[PDB]
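Reviewing the structure listed below.
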There are 2 protein chains.
Amino acid sequence: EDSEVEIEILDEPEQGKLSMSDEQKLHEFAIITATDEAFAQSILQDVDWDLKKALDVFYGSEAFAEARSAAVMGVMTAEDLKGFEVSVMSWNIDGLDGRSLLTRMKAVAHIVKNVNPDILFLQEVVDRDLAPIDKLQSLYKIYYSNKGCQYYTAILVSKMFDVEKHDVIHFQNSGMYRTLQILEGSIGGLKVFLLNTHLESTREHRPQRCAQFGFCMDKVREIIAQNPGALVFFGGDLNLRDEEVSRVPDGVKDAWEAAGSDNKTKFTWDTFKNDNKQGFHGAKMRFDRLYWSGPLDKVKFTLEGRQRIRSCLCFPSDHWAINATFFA
Amino acid sequence: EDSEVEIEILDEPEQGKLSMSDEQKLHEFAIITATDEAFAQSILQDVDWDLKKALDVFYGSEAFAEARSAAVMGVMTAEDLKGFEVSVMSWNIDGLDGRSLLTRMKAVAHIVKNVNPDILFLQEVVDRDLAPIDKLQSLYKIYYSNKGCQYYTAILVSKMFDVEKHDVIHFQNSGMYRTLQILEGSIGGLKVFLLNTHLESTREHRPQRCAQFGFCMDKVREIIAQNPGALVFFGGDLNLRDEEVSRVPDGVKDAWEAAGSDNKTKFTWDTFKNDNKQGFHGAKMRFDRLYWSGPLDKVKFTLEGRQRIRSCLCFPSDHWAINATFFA
């Protein structure tokens, strides 16, 4: 009635066709799609030889975009990125500890200068005795998440890093002024996003922390979806226990894990080894972490700030710093 | 051995807990997530009360981003877009038909001026007798896909439309010079993408056409993923039979379908009604189509160019023009 009516081809066989074997199906798929039987094999051995499905998969499924491109057609760029490295360092410097704060901050600046990372995340930065950190502005552009607060986070980037924008999202479920600090910029023609945070502290605050984390991973997903080819770095002091870590988006990896999960570099807050804080029993955690996405696939991972300061016999922080170098 | 060691809370109950009923599970989920039992209900009645799963879903699943945002936090913009309308017209003007080409083109320009669309897609534009179409530059910015070819497509936009870029992708599987024409720009503060194409003609070329279509839908998916809040319009003469249409991405809708699937406006190439071409038997198809994505959810859909020209007794084209108005 209101169905479409097909054009007549006068010299065409006057009857269409209408079950099938397997090779029959491979040939059929090959003819319909104008692809080969070898490629037909692939799809046909994944949906239990459901041909009618396999067509819909080839044309409509998101997995086969590549194939479709190849069928129709026959930013960086591997060879530019080979020979490129970028280092990211993250450190909770425990500014809330007033004991030897100045000496410790000087130690921090010294260590940063020695390690010389391109990108640095700091947590627990306080206004008091901040001078030696501010002195780093000769090497870095410094961005504070929330100056005027008891404590806050910071992102320091090499001067080659062009900064497009600086955003701070205040977690409303946080009773500790915690934020997500986002720096958007670039290194040469490579777009880079930096996400620094200090998730809610202590085991009890698991519900707040786990909510913040998945929320941060949502933001990461958006950035990746909207900026293909971009380098995305997210992390800091996440205060995570291993069973708290929820599903991370595809293409996102933990730096310490991708470096080979070395036990020697696992724990970033170790009461057995760092005596800045003392309990009756030792405690140790991988609180500080770094995730990334982008066109760099290899990573080297070390800990820093592990040497006792000599003038005051303590460590720069109760945290070890994490240092990851990404390359291709 | 190399497991994390948890901090001791001295005044904490010295034994964790360890099966469950349903209300027990709702309460448990509520306490762990710091959410309510009413919300717990939702997730818990979707994974057959699989609590351990439901946690992973709440924190890690992409569906619950909203919830997570609400848990952590507590561009256009509805009220700006109410009162906003945009019209898109698509017409295969059959420039390859030399019969009364000039008179027909004048009719085309006249009809375009009468309908006055903000955006116009043209297919089968030829160099010969192009003058009255070029005259439209007083009202429109005109972009030709492939001038210097036997025939090509065009996109005409209102002068309020700011054009950021113009791309033409040549289909390599095409023996008919077919392309995907992409115009990226904006109307005020609203980003707009326009995708115009003339997919491979005739039923036989189904494999080429169906490949081109899914490929075009891949490009649409990318644009949507990378530009949230943007208006995306894709279509033209797609030469589609109904059973050829593969899965369209979420958020993409057929304009004629969203307008209510009116039989009165269904067929755009009707040999029973348009005698510019004559066969022994009539034929009719919905060859010409328009899909869209974006913050406009309502659409009105009409056909144009349905009146016989009086000086030469033919229609401007063997195609009817499609005209869709999008609003909120």
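Following the order of the structure tokens, first chain is A, next is B, and so on, with residues numbered from 1 inside each chain and ligands from 1 in the order they appear.
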Exercise for the section: Pick out the chain B residues within 7 Å of chain A. Count only C-alpha atoms. Give them as a PyMOL selection string. Expected result: chain B and resi 2+4-7+32-34+56+59-60+65+68-69+71-74+171-173+207+211-212+214-215+218+225-227+246-247+263+283-285
Problem - Close residues, residue 292 in chain B itself excluded, 9 Å, only C-alpha atoms, min 5 positions apart in chain, as an MDAnalysis selection string - result: chainID B and resid 231:235 251:255
Residues from last step as file, C-alpha atoms, as an mmCIF file, in the first residue's frame:
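Once written, result_18.cif looks like this:
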data_model
loop_
_atom_site.group_PDB
_atom_site.id
_atom_site.type_symbol
_atom_site.label_atom_id
_atom_site.label_comp_id
_atom_site.auth_asym_id
_atom_site.auth_seq_id
_atom_site.Cartn_x
_atom_site.Cartn_y
_atom_site.Cartn_z
ATOM 1 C CA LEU B 231 23.765 20.306 16.162
ATOM 2 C CA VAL B 232 24.641 17.615 13.642
ATOM 3 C CA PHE B 233 22.751 17.283 10.356
ATOM 4 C CA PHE B 234 23.536 14.408 7.990
ATOM 5 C CA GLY B 235 21.781 13.390 4.797
ATOM 6 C CA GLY B 251 20.741 10.297 19.772
ATOM 7 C CA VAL B 252 20.430 10.210 15.998
ATOM 8 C CA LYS B 253 16.959 10.275 14.462
ATOM 9 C CA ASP B 254 15.393 10.307 10.998
ATOM 10 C CA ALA B 255 13.596 13.631 10.483
#
Problem - Within 12 Å of residue 146 in chain A using only C-alpha atoms, minus same-chain residues under 4 positions, as a list in words - result: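 Final neighbour list, sorted by chain and number: residues 123, 124, 125, 126, 127, 150, 151, 152, 153, 154, 155, 166, 167, 168, 169, 170, 177, 178, 179, 180, 181 and 197 of chain A.
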Practice task
Identify which of the residues A:290, A:133, A:119, A:88 lies closest to residue 106 in chain A, counting only C-alpha atoms when measuring atom-to-atom distances.
Solution key: A:133
Exercise for the section: Record the distance separating CA of residue 52 in chain B and CA of residue 47 in chain A, expressed in Å with one decimal. Expected result: 29.8 Å
Problem - range 144-282 of chain B: residues DSSP assigns to strand (DSSP E or B), reported as JSON, numbers by chain - result: {"B": [144, 147, 149, 152, 153, 154, 155, 156, 157, 158, 161, 162, 163, 164, 165, 166, 167, 168, 169, 170, 179, 180, 181, 182, 183, 184, 185, 186, 187, 190, 191, 192, 193, 194, 195, 196, 197, 198, 231, 232, 233, 234, 235, 236, 237, 253, 254, 269, 270]}
Problem - Separation of CA of residue 298 in chain B from CA of residue 256 in chain B, in Å and rounded to one decimal - result: 11.0 Å
Exercise for the section: Find the residues near residue 24 in chain A: any atom within 12 Å, counting only C-alpha atoms, skip ones fewer than 3 places away on the same chain, and give them as a PyMOL selection string. Expected result: chain A and resi 19-21+27-31+37+40-41+44+49+51
Fill in the blank from the handout: Taken to one decimal, the CA of residue 158 in chain B-CA of residue 139 in chain B distance is 6.5 Å
